[PDB]
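Okay, structure first, notes after.
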Ligand SMILES: CCCCCCCCCCCCCC(=O)O
Ligand SMILES: CCCCCCCCCCCCCC(=O)O
């Protein structure tokens, strides 16, 4: 998908098995795939971060396509949830698709220390955010059986970066000439 | 003409074709032929300039010689006018020769940026000033059929130079000895 | 000095050191249309300095046999910068003018030009029944018309200067805003005219409000005839405003 | 209702019964240049309603394989009525815009367009050394550019939508004034942008201040693909003013 | 220049050169 | 910063840099 | 010499040597 | 108080971040978590709205994230080389067309904005390499030649007289040279990007090269020819001061290839050209 | 206010330029554009009088165009050479008849006025070239010998005692020497030009050589003879301070040929001797 707009979309569709997993990524602001987002790029210019993160999702199926999804944040000290039941025991939002296309899940700052390192460090790995089918993707007849979802990220009022440093998300391997 | 006083005069005479072009030069204060004028020499000691320019012309034919001329300033973003009609669409002055020998055309500061480079630079080339016959050069019989015109330049109240630099209008290629 | 004049319009300034005062047509200075006299209800566009500036037409040559010249407004300015564009993109237009006619010679020359601004100069045809002057002939543009040259055609208008090209005597043209350019006295004429019409605004494409007529009433004479003596016309719209925007009208 | 919108500009009024609010670029509403920030000293011309009106561009067809489209301002309006005339008769121009992108489908359709207004969108070339995008390629006019069609040439700009045609990632275009046209939610996008530049006025012929980029981030899909789904763009200048009048510039 | 403040905690914001470009980093806000 | 005291024995506790980490050893108690 | 001004923005125009020729560039006007 | 503001500067607590307030369970028809990204606005929902938060006093400050701070660090922009190999007269002087386009690190930071206005602090780090053993007495001259001023063509060119141009003379053993430059543009701000040309033909130049002419830096070893050859490398560092920036933009995602242009190269496997790391699948963290 | 004037100095806004006011169309028998250059006066017409201008607030300042600024930049006026070749006693010292006539750049600027009064800041840049490898310990002595004082004829001449003359001793490795000199003339101002002689015969001298005697600068390497030969070049820089100038004049249009004289050389094709570039014709821009 890299090199294509499709790298930004997640496909949803009618499921035959219940509570299927849709996606899973680390919450760490400068880890992949969050790294190249604007907030991830800026975070990569600093050594420490703190605060809550705002993850938003916009459903892009037809207006007659319905769906309920469960977005969960799993605080650290445990592996990523292996099932919806395991995931919902943590922080989560049950999203019902309707007139309003977008939902937001806030990943609260839940840490032992006041700050965490922006670069991939065990001790300060913030946890995971997973997505699961709460009910199912449903459509009337004569309607596309798949739909896309867009994912956004930004920082809440308490977000903050500290200790300026050079980024490792960009390099120079030769002279830049005229 | 260089090396002769005639390099400072422009000849006028009875025309057989209407609206003939008399002269055309760039308005850029440090470009040629403006470069060696006093204001051009001083401008050559600075990197930037701004403000309006005052161009004056003194007719030197006999007191019985009449003439009407059109002096035009063509703001940039277009080539120099190829005809009087094309030129008069810009800023101009119709000069009628009479008891008062001199006329002045002001080249207003019409620029995108607050300043321009004094050295010949495309992006900040200020435009052109052209001269055309408005009617014709007319004289009674037994009167010289040609006459000279002198051209002057100076800066208006808003003229200003900036960023001192060494001039390229003078050089030293060897030791100056005793 | 009362012999001198400087007229500044937009980015243009015109001078003359030998004028004969100036004329303000019917004593009314041009002004924008007021809401009491307006009829069209859309907001007018007023180009201001980009249209209210001097536009110099093609010069003409005056010689011992010249019978005259005439131009019609706004037709003469149809191809003049922003003013011209506006008169074709809009259904309606309204404007006043400053007409400055230029002609210098020498003090040993003599000649007299009658410069007149005629409102509704409805031209006639001669010996052609009820056939009237064709559109093309009354819309010559900045080139205007040189009386006594045009090779006849059926829809061609009258070319009789003594009958004002309309069945009235030349001697009475003085009842219209006018001036004379008498070579021994002045080298220019200046006439400022207001908008004159029975409607507040009108089509600038099919209605010429004013006509500039220049007739040499006293033959150009001198003992140095080889020196060409041109006549140049510079016209500046005043308070130009347009209404009824749409695509650009293309004539012909 | 907050789903409805009516935008009136000059003699034009545009409506939409399914909008997603509107965006005002950087929170600044367009306004005329003040004397504190001005530099050019001649009096500006302000066409007002004859230039500050909606101009609708050529429509484009959106299909399952579309990679995107982009236009540059003021280039896209270079041939649009009075606004277009003014940008070529004057050296300097200044203007804000109201961009209204239109695209309706059906409730059984799905698709998402990312509509963005980028200031100084300096395009890149790919694998061509220091050779930059040629003037002609960044001045396509109202036709704009259809990403993924143009047959390559040396001075041809990048056509990589995921790299914003300039070496940056598509996902971050949201940092610029933007909206989305998500077929299940809205059938139009509205963006009002002010004049943005490091100088108060500039050449409208050689400097494109804003670029309108439309990328389908979610493929158009439905069970009635034979029905064509166009995308139409209507742009209205705001507070358009020009300075430095002269002859009309002719490009090429 | 010396922008002497008072509170005693006196603040001495000194500008050693006669050009604005010469001073150090700007204050925030 | 200059924390000027008075008693005359004037004390000039000067902080030459704009960061707390830059100052010398702390006072006791 | 110290030509101390007041406004608080205090100006300290100091002349380190005892000859006029030693001072820096002159003020304008 | 100019003294209370002083304390905040020393402690770096000028820009404080909001506290988190205690929240409670809710049951309402007002759903803050729901919105519409189509509007182009970011949902302003905060943690108190999605979970039951405790009260926490924030002590974090945004001072270090200020634009002044971000662009206020001195970075290398040029590495001038004067290598005496076999001809002192030709190799003892050089010139450089000044710009901030040749070094990726600082270029990328400034290019995160469309326009920027600032004064510049230039610091120079010269290092003399003794190729034959000794360095003798090295004295350097760095002259700023604004566009238009005569550029020296020999090491004894009259232009080195510097009768008007600013020149900095450095003596080996003395501290690193440094000077300030005021905002230099003929415009109100520097263009980090420029979607325009210097004309309207197929041969007109495109981009910032059109608007960003800063003149030339001419250098020379003042010392006359010495027996032992040296290689003097002067590294130029730039730091923005009293900074303002406008219209933020996406960070450079691929390597730079040339100055004053956004051009880039792409390989057959594009994932190698960007910092994005391929994921095994959607659910593999 | 001495504090408000201080702010203007820092911002360089002491001399502001006038604003442009809005103007309107006019029809009058008063024609400002018309005048008579024969009077010897410049028409004072401004843009508001020839076109319809808008109102614009000027922010430009003339500070940098002041005489103090124009002549207040340090430029090279001399390059003293002490080259040890084969005789230390003869080659380790030299002298120079002081003047500002030998370097074109600063000479031309000062010569744009007829008279000038100012104090001088002299800065010296010495550079020791190691011809044989080492430079040892170089100590220099620069002595100002006013006209009349004994001029040294050997490196150990008693005059080097400098019992009254001012001498500056520089040690290699220490910063560049610098000192100030007060306006030195026996008159009220320096003559940039002098249409006079030092007598009334065919053999009397003409020009500024008659009025501008500034004495001599005598230099020597204080260090006694060392094994390794060196070439010490001391470049002298001058900057005017607290300046006043009178009666501006045409700038030098051709190269200078000699000191204290306006003499010049002309080739067979004079357009090569001046900065004027031949035009194809009157209408070719
Ligand atoms: C002796 C070198 C002068 C040092 C460099 C000064 C740089 C300041 C100008 C910044 C303008 C940025 C635009 C660009 O990319 O060229
Ligand atoms: C050790 C050198 C003393 C440095 C030079 C001082 C120059 C000041 C005198 C200026 C008078 C100008 C007249 C001239 O051209 O000779």
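Protein chains in written order, with this note's numbering: chain Y, 1 to 178; chain A, 1001 to 1178; chain D, 2001 to 2252; chain R, 3001 to 3252; chain Z, 4001 to 4029; chain W, 5001 to 5029; chain H, 6001 to 6029; chain L, 7001 to 7285; chain X, 8001 to 8285.
All C-beta atoms, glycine included, are put in the ideal place defined by N, C-alpha and C.
CB of residue i within 8 Å of CB of residue j, strictly
i                       : j                       : result
residue 3115 of chain R : residue 9 of chain Y    : no
residue 7128 of chain L : residue 7122 of chain L : no
residue 1066 of chain A : residue 2106 of chain D : yes
residue 6028 of chain H : residue 8068 of chain X : yes
residue 2016 of chain D : residue 2005 of chain D : yes
residue 3232 of chain R : residue 3059 of chain R : yes
residue 3170 of chain R : residue 3214 of chain R : no
residue 8115 of chain X : residue 8245 of chain X : yes
residue 1113 of chain A : residue 1055 of chain A : no
residue 6013 of chain H : residue 6020 of chain H : no
residue 2023 of chain D : residue 2121 of chain D : no
residue 7078 of chain L : residue 3130 of chain R : no
residue 50 of chain Y   : residue 116 of chain Y  : yes
Residue i - partner residues in DSSP beta bridges
i                       : result
residue 130 of chain Y  : Y:24 and Y:72
residue 7127 of chain L : L:7233
residue 2096 of chain D : D:2238
residue 2248 of chain D : Partner(s): none; residue 2248 of chain D has no beta bridge.
residue 7169 of chain L : L:7141
Residue i versus the options, residue with shortest Cα-Cα distance
i                       : options                           : result
residue 2018 of chain D : D:2196, D:2202 and D:2181         : D:2181
residue 8211 of chain X : X:8113, X:8223, X:8219 and X:8193 : X:8193
residue 1093 of chain A : A:1129, A:1144 and A:1025         : A:1129
residue 3187 of chain R : R:3008, R:3021, R:3010 and R:3084 : R:3021
residue 2189 of chain D : D:2010, D:2014 and D:2009         : D:2014
residue 8181 of chain X : X:8253, X:8166 and X:8042         : X:8166
residue 2093 of chain D : D:2250, D:2238 and D:2251         : D:2238
residue 8271 of chain X : A:1021, A:1033 and A:1028         : A:1033
residue 8249 of chain X : A:1101, A:1039 and A:1001         : A:1039
residue 8247 of chain X : X:8190, X:8279 and X:8161         : X:8190
Taking the runs of the alpha helix (DSSP H) that are 4 residues or longer, which of them lie wholly in the region 3104 to 3140 of chain R?
-> none
What are the uninterrupted segments assigned as alpha helix (DSSP H) that are 4 or more residues long and contained completely in the region 7195 to 7227 of chain L, given in chain order?
-> If only complete runs of 4 or more residues are kept, the region 7195 to 7227 of chain L shows no alpha helix (DSSP H) anywhere.
Got a sec: which bits of the region 2081 to 2093 of chain D sit with their beta carbon under 8 Å from any beta carbon on chain R, in order along the chain?
-> Taken in chain order, the members of the region 2081 to 2093 of chain D whose beta-carbon sits within less than 8 Å of a beta-carbon on chain R are 2081, 2082, 2085, 2086, 2089 and 2090.
Quick one: which residues of the region 2217 to 2250 of chain D get their C-beta closer than 8 Å to a C-beta of chain A? List them in chain order.
-> 2222, 2223, 2224, 2226, 2227, 2228, 2229, 2230, 2231, 2232 and 2234
The region 40 to 61 of chain Y: positions lying closer than 7 Å to chain L by Cβ | Taking 7 Å as the Cβ-Cβ cut-off against chain L, the residues of the region 40 to 61 of chain Y that qualify are 41, 50, 52, 54, 56 and 58.
Note down, one range per segment and in chain order, each beta strand (DSSP E) of at least 3 residues found wholly within the region 1128 to 1172 of chain A.
-> 1128 to 1133, 1147 to 1155 and 1160 to 1164
Chain R contacts from the region 2 to 29 of chain Y (Cβ-Cβ distance under 8 Å) | 3, 4, 5, 7, 8 and 9
Enumerate, from N- to C-terminal direction, the unbroken beta strand (DSSP E) stretches of 3 or more residues contained entirely within the region 8093 to 8155 of chain X.
-> 8093 to 8097, 8113 to 8130 and 8139 to 8145
Going along the region 1105 to 1122 of chain A in order, which residues come within less than 9 Å of chain R, judged by CB to CB distance?
-> 1108, 1109, 1110, 1111, 1112, 1113, 1114 and 1115
Can you give, in chain order, each stretch of the alpha helix (DSSP H) that sits fully within the region 1049 to 1133 of chain A and has at least 4 residues?
-> The qualifying runs are 1084 to 1088.
Curious, which full-length beta strand (DSSP E) runs of at least 3 residues does the region 7231 to 7283 of chain L contain?
-> none
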